[PDB]
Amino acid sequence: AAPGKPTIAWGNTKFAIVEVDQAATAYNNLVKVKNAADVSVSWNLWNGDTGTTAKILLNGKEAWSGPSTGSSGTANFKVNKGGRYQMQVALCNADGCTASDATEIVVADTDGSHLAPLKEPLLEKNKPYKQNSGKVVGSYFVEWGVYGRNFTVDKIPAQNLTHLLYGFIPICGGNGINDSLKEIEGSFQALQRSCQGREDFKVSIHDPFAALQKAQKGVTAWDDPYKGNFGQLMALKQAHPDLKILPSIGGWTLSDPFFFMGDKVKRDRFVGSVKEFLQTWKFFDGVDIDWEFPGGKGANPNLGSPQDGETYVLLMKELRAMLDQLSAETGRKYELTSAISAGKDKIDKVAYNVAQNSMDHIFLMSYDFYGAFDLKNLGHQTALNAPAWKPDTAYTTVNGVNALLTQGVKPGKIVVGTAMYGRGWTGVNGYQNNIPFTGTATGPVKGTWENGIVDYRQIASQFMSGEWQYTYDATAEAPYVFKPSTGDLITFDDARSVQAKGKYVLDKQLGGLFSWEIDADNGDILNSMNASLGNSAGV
């Protein structure tokens, strides 16, 4: 007789190639990368002969084999590839093999190979588009937006993007290295906790809870190895294998460490740690560098050197060489991008015409031109052109693009930015000819999350009715709303100024459009980005 039919023992069926330690706050203890997952199976045989060899099969293929020595057994073995496997125990003798019924096991890996695709319905006003223009369509998703903003990865209209950028990956360092963080309650300390035991100038994760542990749709089971934003990004990749998901290193409060990378020792260590981050987190497709800004004039009034431009070009060249190498080891295509100031004065600190040779796209931050940070000079925060009342306005999208083109940047590299928010003032007075921008202000407009700034969603929900005037400036290509009783004034992008930018991108042959930040749109801005770049409606 062939052996009797074994019964797989109840036990854990979910294992991980990259393990997350559920009780650790330091990124070094938090993540353990193994060559393979350690898997365990046990069985019982309730009827017949136990055979002479026991085997574990994964989809029919043996992963383990050993002498069958009793009515119960246990197999420990390694599995080096992620996915979901139909596992069987088989008992074999000279008269044949008898296999148990299949139990599925889960071997997790950071490409999301173990995960069901995160395919969600478009929400609010989002309408479906096909990415067939060949133009970049991007947006930033912020790590901390899962809290008060309650905007999670399952809510991203992912089919309407080519590029999804994750803001922000931090670089480790305490006093003197990340002093801009001290301006936000708790945030400097959260980074030192994350970086404990870890060399300065290596990347980390700022909020491992939001990134890897907060329960969220498709990753709510206690034994799911990756939860939070990263686990979702993994499942989103399974649904959209051509979506490029890039980690953005830096941003307004996390840029201070770039200022030290004139030191090649520190720069090498940074580049080495980006390589390691990409081998660790397989769902990411490259690296976005948001150094704000070479030369300073960012959050930290004490940083900035004339050497910065060189550092930048060096850093880009070295990241490319590291991405080329990673690309050859994996067969994947990897991208190197950067978000940059759109002002000519900052643009001219760097030879973008040299650095482009290392970069896939330049994300031109064509927004924040004006805001409550200046109560005396009012203007359009994200306009295409200067307005009729000040044709020599310094900060416009066009002046930005012209500055790169003039350096010799190829126009296809350049991705024009749109705002999914407004900035505005209160108490505007002293203006002439019904143009409130020629006045001066007494304060920030009351904001959605922080004063002087309003999500696009709320501009459309709350500020296009009642006493609010609405004007579309067709020379600038810029909408604004104005409440005369209070002198409340708001400058923003809308469907129309977005069409103007997308049409510009097509006329001028630029690379596409990207936006900050996805949680603030109601669908109007992203819809218009897609339409205006000529993407086809429909699924």
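Numbers for residues come from their place in the sequence shown, where the first is 1.
On average the C-alpha atoms of 182 to 190 have higher B-factors than those of the other stretch, with 71 to 79 and 182 to 190 being the two compared. Per-stretch averaging of Cα B factors for 238 to 246 and 254 to 262 places 238 to 246 on top. As recorded in the PDB entry, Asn35 shows the highest C-alpha B-factor of the residues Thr52, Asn59, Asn35, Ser42. Comparing C-alpha B-factors across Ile105, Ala441, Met316, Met365 in the deposited entry, the largest value falls on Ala441. Compared with the other modelled residues of the chain, the Cα B-factor recorded for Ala476 ranks in the highest third. Annotation for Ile8: CA B-factor lies in the lowest third of the chain's modelled residues. Among the modelled residues of the chain, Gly512 sits in the middle third by CA temperature factor in this PDB entry. Residue-level temperature factors show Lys413 in the middle third of its chain, judged at the C-alpha atom. The PDB entry assigns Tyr334 a C-alpha temperature factor belonging to the middle third of its chain's modelled residues.
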